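This report concerns only the one structure given below.
2 protein chains.
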Amino acid sequence: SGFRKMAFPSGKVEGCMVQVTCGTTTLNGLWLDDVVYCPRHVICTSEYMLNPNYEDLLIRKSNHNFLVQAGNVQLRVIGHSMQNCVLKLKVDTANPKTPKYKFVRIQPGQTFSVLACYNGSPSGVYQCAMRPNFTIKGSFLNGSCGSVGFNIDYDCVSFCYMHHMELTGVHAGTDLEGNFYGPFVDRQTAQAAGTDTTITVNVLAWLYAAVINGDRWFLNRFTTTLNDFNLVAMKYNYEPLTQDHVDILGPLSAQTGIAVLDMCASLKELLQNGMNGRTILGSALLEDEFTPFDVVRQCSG
Amino acid sequence: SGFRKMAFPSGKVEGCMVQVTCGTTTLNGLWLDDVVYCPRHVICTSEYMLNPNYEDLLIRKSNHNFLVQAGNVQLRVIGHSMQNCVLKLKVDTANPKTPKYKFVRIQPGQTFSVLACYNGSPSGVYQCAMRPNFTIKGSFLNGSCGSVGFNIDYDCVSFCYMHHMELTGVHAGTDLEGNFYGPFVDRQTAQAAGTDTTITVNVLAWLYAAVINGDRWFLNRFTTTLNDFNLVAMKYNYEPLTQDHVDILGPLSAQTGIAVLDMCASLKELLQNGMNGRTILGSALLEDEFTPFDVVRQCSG
Ligand SMILES: Cn1cnc(Cn2c(=O)nc(Nc3cc4cn(C)nc4cc3Cl)n(Cc3cc(F)c(F)cc3F)c2=O)n1
Ligand SMILES: Cn1cnc(Cn2c(=O)nc(Nc3cc4cn(C)nc4cc3Cl)n(Cc3cc(F)c(F)cc3F)c2=O)n1
Ligand code: NA
Ligand code: NA
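Chains A and A' supply the protein sequences, listed in that same order. A prime marks a further copy of an entry chain. Reading the first sequence from the start, the letters are residues 1 to 167, 169 to 302 in the entry's author numbering. Reading the second sequence from the start, the letters are residues 1 to 167, 169 to 302 in the entry's author numbering.
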């Protein structure tokens with residue numbers, strides 16, 4: 001028992017991280033087979049970090065302006081191309097440590113692990129959720145550009161996020178095909194994140210985790226319906242709950258014998274009265290960064 | 001002069017459309033070089049159209065269960081793989097009519113042309129916008145699955161949409178890497194589109210088009226600020242306006258000498274009093290499916 005913010009083991013990703021330098025700009029890249037993926041922003045200098053024309057900038061470059069360091073080993077760039085907001089550097093050596101992988105785009109509410117990197121060197125691992133407003137509340141310093149987010153399914157690494165920038170305390174990036182999450186662009190303009198909301202299905206999954214771990218004080222005998230719940234949820238800036246959400250919680254309802262709409266009634270009460278100085282799984286706030294599948298993986302293993 | 005819902009010429013796409021059959025399921029595919037892209041749903045029959053396990057279904061198939069017709073010419077499938085929600089069919093002949101192309105993911109508010117197809121045969125072309133809730137208000141009958149949406153930049157076709165399903170009168174699909182727009186899944190569940198909103202920057206671009214074409218009756222001498230405008234816009238279910246939006250409208254402000262915040266004042270009045278039986282560019286509603294770039298392309302050519 002117990003319940004922690006648990007990340008995936010990062011070994012399979014650590015062996016793919018490399019350093020990329022173009023001029024005085026250095027950042028991280030992801031080396032899979034004979035391609036290095038990195039943010040296209042690496043081809044800017046201070047002169048063009050506010051309104052770059054990346055097609056122009058990339059024309060003016062040759063393969064030898066790109067320095068790719070895999071630890072000490074230098075890799076030879078033999079070709080480059082741009083795909084949306086990433087750069088693909090073709091190199092002469094296929095990474096022998098290339099895991100089985102795929103490139104997937106995640107939806108808001110889903111979670112993944114982040115391997116934060118500096119100078120191509122892995123520094124730490126953490127778990128976070130894609131927020132409804134398409135940012136993540138990460139932890140990143142200067143030099144972290146190109147760090148990646150991933151899940152593991154079986155033996156397969158699904159890459160889903162590449163870090164590009166920080167915007169007013171939160172973080173924005175792309176999928177691995179170079180398409181931004183959210184309405185952001187890889188330049189400096191007046192861009193801010195939109196209003197965020199609480200991920201309801203995740204809050205419910207976490208209340209189930211609490212019950213499994215013996216925290217029962219918030220339960221009550223009442224029930225409710227989706228409509229009455231969503232009416233209250235909207236008032237508190239909670240995502241509305243659908244029938245698919247109810248179905249996804251199935252296995253946790255089953256394991257604890259508490260019906261979803263039963264648990265919604267408890268949630269409704271928590272939202273209206275607060276917790277009043279009690280805690281749930283060691284928190285005094287309703288936590289929304291654990292998916293139904295995270296709970297299952299951690300509570301039934 | 002004049003102003004119409006104008007689509008891109010579709011010749012370059014028409015030569016890529018093919019028919020794909022697997023069993024009794026037929027639909028459209030997109031043939032570029034030696035790969036056919038189509039919705040993975042084509043590997044279902046009625047038995048598994050409600051909760052399919054696509055990895056299982058695809059295991060049980062061989063290359064010869066796939067019938068690909070390019071008009072009359074039959075193409076030989078020599079390999080298949082799944083990428084997210086599309087199928088990639090490797091075939092023995094590269095399409096000689098393959099234009100220069102790329103795969104891009106568009107953002108809400110952006111527009112594109114749709115080439116509606118049945119049995120691999122192009123049937124019509126129309127222009128539409130990706131809505132803020134990630135659906136499109138298209139026009140599609142049964143058999144249109146696999147139809148694609150695209151823009152043309154110079155000589156390059158940017159594919160951005162592949163049609164998968166209709167959900169309560171509106172349409173949902175993926176980008177060409179197989180990732181859904183919006184929170185939808187390619188099965189039958191209880192999924193509905195979220196609340197839609199009006200795309201404000203597009204409404205403003207269209208008011209500029211009206212001025213260029215001589216409709217001036219809604220203008221007035223007042224100005225306003227972003228904050229007061231967005232306060233009114235929110236009440237009417239209009240996307241908030243940012244400083245980047247203001248900058249994108251630059252060229253149209255320039256050409257007409259009406260400042261953005263000046264035009265916002267007119268918009269504020271239209272929202273509060275209505276149009277009162279007058280029309281703008283032949284419409285009695287505020288139109289939001291024309292981007293600043295659509296207006297420029299059509300009004301300055
Ligand atoms: C505080 N923080 C949290 N996350 C981030 C991510 N991030 C970053 O690591 N670096 C950035 N700009 C660079 C400056 C450089 C100076 N040198 C010598 N080399 C540099 C390389 C980079 Cl990438 N930025 C800013 C940034 C990066 C982009 F990719 C982009 F499109 C716009 C941006 F404003 C940054 O956010 N910093
Ligand atoms: C009215 N309308 C508007 N757009 C659409 C798109 N669309 C479609 O064309 N076909 C679908 N299902 C199929 C039935 C078939 C019967 N035969 C013999 N062959 C068939 C092939 C198809 Cl693809 N659907 C439904 C649908 C398609 C999906 F890709 C999906 F993931 C879920 C779905 F419910 C459909 O929406 N119809
Ligand atoms: Na209850
Ligand atoms: Na005015």
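All residues carry an ideal CB built from backbone N, CA and C; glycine is no exception.
**OP:** Tell me whether residue 190/A is buried or exposed, calling it buried when 16 or more other Cβ atoms sit within 10 Å of its Cβ.
**Re:** Along the first sequence, read from residue 1 onward, the residue named residue 190/A stands at position 189. Result: exposed.
Original post:
Nearest CA to the CA of residue 170/A: which residue from 278/A, 139/A, 294/A, 134/A?
Top reply: Looking up residue 170/A in the first sequence gives position 169. Among 278/A, 139/A, 294/A, 134/A, the Cα nearest to that of residue 170/A belongs to 139/A.
Subject >> Short CB-CB distance (under 7 Å) between residue 24/A and chain A' >> reply: Position 24 of the first sequence holds residue 24/A. No, residue 24/A lies away from the interface with chain A' (no Cβ there is under 7 Å from its Cβ).
Original post:
Mind checking whether residue 250/A and residue 233/A have CB atoms under 7 Å apart?
Top reply: Position 249 of the first sequence, counted from the first residue, corresponds to residue 250/A. Position 232 of the first sequence, counted from the first residue, corresponds to residue 233/A. No, the Cβ-Cβ distance between residue 250/A and residue 233/A is not below 7 Å.
**OP:** For residue 105/A, return the contacting residues in chain A', with the cut-off set at a CB-CB distance below 7 Å.
**Re:** Translated into the one-based positions of the first sequence, residue 105/A becomes position 105. Neighbours of residue 105/A on chain A', chain order: 180.
Subject >> Any chain A' beta carbon closer than 7 Å to residue 74/A >> reply: Working through the first sequence from its first residue, we reach residue 74/A at position 74. By the rule that beta-carbons nearer than 7 Å mark a contact, residue 74/A does not touch chain A'.
**OP:** Verify the CB distance criterion: does residue 260/A have a CB-CB separation below 7 Å to chain A'?
**Re:** Residue numbering aside, residue 260/A sits at position 259 when the first sequence is read from its first letter. With 7 Å as the cut-off, residue 260/A does not count as an interface residue toward chain A'.
Subject >> Where residue 96/A' falls, given that 16 or more other Cβ within 10 Å makes a residue buried >> reply: As a position in the second sequence, residue 96/A' is number 96, starting the count at 1. That one is exposed.
Original post:
So, is residue 18/A buried or exposed, given that buried needs 16 or more other C-beta atoms within 10 angstroms?
Top reply: Against the first sequence, residue 18/A aligns to sequence position 18. The residue in question, residue 18/A, is buried, as its Cβ has 16 or more Cβ neighbours within 10 Å.
Subject >> Local conformation of residue 245/A per DSSP, three classes >> reply: As a working note, residue 245/A is residue 244 in the first sequence. The answer is helix: DSSP assigns residue 245/A an H, G or I state.
Subject >> Local conformation of residue 186/A per DSSP, three classes >> reply: The sequence position of residue 186/A within the first sequence is 185, counting from 1. It is coil, neither helix nor strand.
Original post:
Where does residue 166/A' sit, in a helix, a strand or coil, going by DSSP?
Top reply: Here residue 166/A' refers to the residue found at position 166 of the second sequence. Correct three-state label for residue 166/A': strand.
Original post:
Going along chain A', which residues have a C-beta under 7 Å from residue 385/A?
Top reply: As displayed, chain A neither begins before 1 nor continues past 302, which places residue 385/A out of reach and without an answer.
Original post:
Alpha carbon to alpha carbon, what distance is there between residue 5/A' and residue 199/A?
Top reply: Reading the first sequence from its first residue, position 198 is the one you call residue 199/A. Reading the second sequence from its first residue, position 5 is the one you call residue 5/A'. Cα to Cα, residue 199/A sits roughly 39 Å from residue 5/A'.
**OP:** Drop a sphere of 10 angstroms on the beta-carbon of residue 291/A', count the other beta-carbons inside from all chains shown, and report buried for 16 or more, exposed for fewer.
**Re:** Locating residue 291/A' in the second sequence gives position 290, where the first residue counts as 1. So residue 291/A' counts as buried.
**OP:** Please name the residue, chosen from 278/A', 38/A', 270/A', that lies closest to residue 89/A' on a Cα-to-Cα basis.
**Re:** Within the second sequence, residue 89/A' is the residue found at index 89, counting from 1. Distance check between residue 89/A' and each of 278/A', 38/A', 270/A' places 38/A' closest, using alpha-carbon atoms only.
Original post:
Which runs of the alpha helix (DSSP H), 4 residues or longer, sit entirely within the region 36-104 of chain A?
Top reply: 54-59
Subject >> Length of the line joining the Cα atoms of residue 108/A and residue 302/A >> reply: Locating residue 108/A in the first sequence gives position 108, where the first residue counts as 1. Locating residue 302/A in the first sequence gives position 301, where the first residue counts as 1. In a straight line, the C-alpha of residue 108/A is about 24 Å away from that of residue 302/A.
Subject >> Segment limits, beta strand (DSSP E) that includes residue 31/A >> reply: Reading the first sequence from its first residue, position 31 is the one you call residue 31/A. Segment 25-32, the beta strand (DSSP E) holding residue 31/A.
Original post:
Are any of the Cβ atoms in chain A' nearer than 7 Å to that of residue 190/A?
Top reply: For this step, residue 190/A is matched to residue 189 along the first sequence. Closer than 7 Å to some Cβ of chain A', the Cβ of residue 190/A qualifies, so yes.
Subject >> Beta-carbon contacts of residue 211/A that lie in its chain and below 7 Å, excluding the five residues immediately before and after >> reply: Position 210 of the first sequence, counting from 1, holds the residue named residue 211/A. 281, 282.
Original post:
Would residue 110/A count as contacting chain A' if we go by Cβ distances under 7 Å?
Top reply: In the first sequence, residue 110/A corresponds to position 110, counting from 1. Chain A' contact via Cβ: absent.
Original post:
Would you say the beta carbon of residue 140/A' comes nearer than 6 Å to a heavy atom of ligand 1?
Top reply: Counting from 1 along the second sequence, the entry for residue 140/A' is found at position 140. No; taking the cut-off as 6 Å, the Cβ of residue 140/A' has no heavy atom of ligand 1 nearer than that.
Subject >> residue 63/A' and residue 120/A' closer than 7 Å at C-beta >> reply: The count along the second sequence starts at 1 and reaches residue 63/A' at position 63. The count along the second sequence starts at 1 and reaches residue 120/A' at position 120. It is not a contact, given that the beta carbons lie outside the stated cut-off.
Original post:
From what residue to what residue does the alpha helix (DSSP H) around residue 235/A' run?
Top reply: Here residue 235/A' corresponds to residue number 234 of the second sequence, with the count starting at 1. 227-236 is the extent of the alpha helix (DSSP H) around residue 235/A'.
Original post:
Using the beta-carbon of each residue, which ones in chain A are nearer than 8 Å to residue 45/A'?
Top reply: Here residue 45/A' refers to the residue found at position 45 of the second sequence. Within chain A, no residue comes near residue 45/A'; the closest Cβ sits about 23 Å away, beyond 8 Å.
**OP:** Check residue 112/A in the structure and name its three-state DSSP category.
**Re:** Within the first sequence, residue 112/A is the residue found at index 112, counting from 1. Residue state, collapsed to three classes: strand.
Original post:
Among 134/A', 143/A', 203/A', which one has its Cα closest to the Cα of residue 42/A'?
Top reply: Reading the second sequence from its first residue, position 42 is the one you call residue 42/A'. Cα-wise, what sits closest to residue 42/A' is 143/A'.
Subject >> Same chain, Cβ closer than 7 Å to residue 230/A', five either side skipped, listed in chain order >> reply: As a working mapping, residue 230/A' is identified with position 229 in the second sequence. Excluding residues within five positions, the ones whose Cβ falls inside 7 Å are 242, 265, 269.
Original post:
Leaving out five residues before and five after residue 110/A' in sequence, what residues of the same chain have Cβ atoms less than 6 Å from its Cβ?
Top reply: Looking up residue 110/A' in the second sequence gives position 110. Answer for residue 110/A': 130, listed in chain order.
Original post:
Beta carbon of residue 86/A', beta carbon of residue 75/A': below 7 Å?
Top reply: Residue numbering aside, residue 86/A' sits at position 86 when the second sequence is read from its first letter. Residue numbering aside, residue 75/A' sits at position 75 when the second sequence is read from its first letter. Not closer than 7 Å, so no.
Original post:
Shortest alpha-carbon distance to residue 94/A' belongs to which of 33/A', 194/A', 255/A'?
Top reply: As a working mapping, residue 94/A' is identified with position 94 in the second sequence. With distances taken between Cα atoms, residue 94/A' lies closest to 33/A'.
Subject >> Same chain only: Cβ atoms within 7 Å of residue 83/A, ignoring 5 sequence neighbours per side >> reply: Position 83 of the first sequence, counting from 1, holds the residue named residue 83/A. Correct list, in chain order: 178, 179.
Subject >> Own chain residues within Cβ distance below 8 Å of residue 155/A, not counting five before or after >> reply: One-based indexing of the first sequence puts residue 155/A at position 155. The answer, listed in chain order, is 99, 100.
Original post:
Any residues in the region 133-146 of chain A with a beta carbon nearer than 7 Å to a beta carbon of chain A'? Which ones, in chain order?
Top reply: none
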